[PDB]
Every structure is written in C-alpha cells, then in structure tokens.
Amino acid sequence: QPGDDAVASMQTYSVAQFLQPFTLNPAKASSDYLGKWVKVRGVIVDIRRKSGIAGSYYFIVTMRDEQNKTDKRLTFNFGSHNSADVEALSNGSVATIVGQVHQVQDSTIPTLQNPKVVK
C-alpha cells in the first residue's frame, strides 16, 4: 500500500477521467491499470456495510463525478480492517480515495480494492 508522501505525489483523477478508458474498452483499460493505484476525487453517494463470506463483513463506497461529467459511478471495496476510514466519510460529501485496480470481470467499471481515504 502507498504511504502518505507517495499519495501526495499522485495525480488526482476525477471520476470521469478515470472511467474514460473503461468507457472505450474495459478489457484494455483493466489490463493497462492491473495492479496500479489511482487517487480519485468525487462525491460519495452511497456507503453500505455488507455481509461477507466466511465470518467477514466489508463495505462498499460508491462515488459519482463531482461535476456530473459522467453518470457512471465508481465503487470501492473496504475490508473490515478499514472501518475507521469508512466511518469518516459522508453521503453527499466530496472525498478523495486511493485504491487499487484488480481484474475487472462481469462488469465494465472497476471496484477499487484496498482503498485508503486521503481527504
């Protein structure tokens, strides 16, 4: 996972910007981004705790473009160990979250993994 100074050093994408390549070809985009970390800024529109498999639970955080420059939403999957970050977000509030691209299947939009709320 990237630490604070590595995070401050990354470019901030809008949701529209990060999703643009996936809109063109998600197979290609998923392959180009595989394993990479992105820092995406947007408005949180849903936060939800979910029942996991094998005793676990996790959270899905959904984000829309800050200026509605796309209607597509980006989701992030936070494990139970990062409930502090999830509990500090707010629906309707702008946030910036760093997350990792894992393989995108059965979908055209990635669900960012191992996320970290920046601000």
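Numbering starts at 1 and follows the sequence shown.
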For the C-alpha atoms alone, is the average B factor greater in 2 to 10 or in 108 to 116, going by the entry? 2 to 10
Tell me, lowest, middle or highest third: where does the Cα B factor of residue 35 rank within its chain? middle
Which third of the chain holds residue 70 when residues are ordered by C-alpha B factor: lowest, middle or highest? highest
In terms of its chain's C-alpha B-factors, the third that includes residue 86 is the middle
Binned into thirds over the chain's modelled residues, the C-alpha B-factor of residue 103 lands in the highest
Just say lowest, middle or highest third for the CA B-factor of residue 61 relative to the other modelled residues in its chain. middle
